[PDB]
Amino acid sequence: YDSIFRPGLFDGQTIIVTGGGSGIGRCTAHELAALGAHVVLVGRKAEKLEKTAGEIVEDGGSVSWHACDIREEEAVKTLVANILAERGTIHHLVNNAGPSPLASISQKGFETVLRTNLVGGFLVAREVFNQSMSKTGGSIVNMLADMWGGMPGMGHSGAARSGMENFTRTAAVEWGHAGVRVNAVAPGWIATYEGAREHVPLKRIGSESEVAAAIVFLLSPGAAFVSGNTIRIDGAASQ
């Protein structure tokens, strides 16, 4: 990985990446493993966790994976316990896991998205805090989205990610005493930096690497006084 960060920046650290088997989660896992982290991939599909862990191992990285539906509280409790039994500590967590007009969204559709894009990340963060981070300090990055003026055509995802942005701030306040930082990233339209439509002022679509580098920055010692903060990665499309 052609990272902007110095080699070995995350040597020896255990970092959970939910949704780690695909997309931005997979890109971020790869960059963190290239920087020396032991990445713990979490996701619903064991098959793409396996394949992405396969890539990371071939590329010389250190990785483990767990198949888990993080939308279920008992599963998350056991997941975090199983990770701690294997690793001893969790240094960081990346909550990466997660279209219709409002008039067409059903109660079940709205609630499924809340569980996927808000409740799941809340449960992983709560258990990571309760079981480990409340004792050690650490940092958490939540995946959001460009919902700042609402999210037309995706109102249920906007409400969920707005909820997750609020949780980010609340947790930054409530958990700061334990040395725990909680931040977020809000990518815009993601497919010219590649370490791995025209209503964008920069006039291009972003890359997975362009989201991962912001996530990695927020986990790094350089972000040690950054908490409660969302980095938008949208080419200024939200402005």
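Residue indices: 1-based, along the sequence shown.
The entry shows a gap from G98 to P99, with 1 to 3 unmodelled residues of the deposited sequence in between. Where coordinates are absent for parts of the deposited sequence, a chain break appears; between neighbours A67 and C68 there is no such break.
Just going by the entry, 136-144 versus 79-87 on mean CA temperature factor gives the higher value to 79-87. When 113-121 is weighed against 162-170, 113-121 comes out higher, by mean CA B-factor as recorded in the entry. Remark: of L49, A213, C27, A184, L49 shows the highest value [criterion: C-alpha B-factor in the PDB entry].
Going by the entry's values, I205 shows the largest Cα B-factor out of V180, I205, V40, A33. In the deposited entry, the Cα temperature factor of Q13 sits in the middle third of values across the chain's modelled residues. For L93, the recorded CA B-factor ranks within the lowest third of the chain. Only modelled residues enter the ranking.
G228 sits in the lowest third of its chain by CA B factor, as recorded in the PDB entry.
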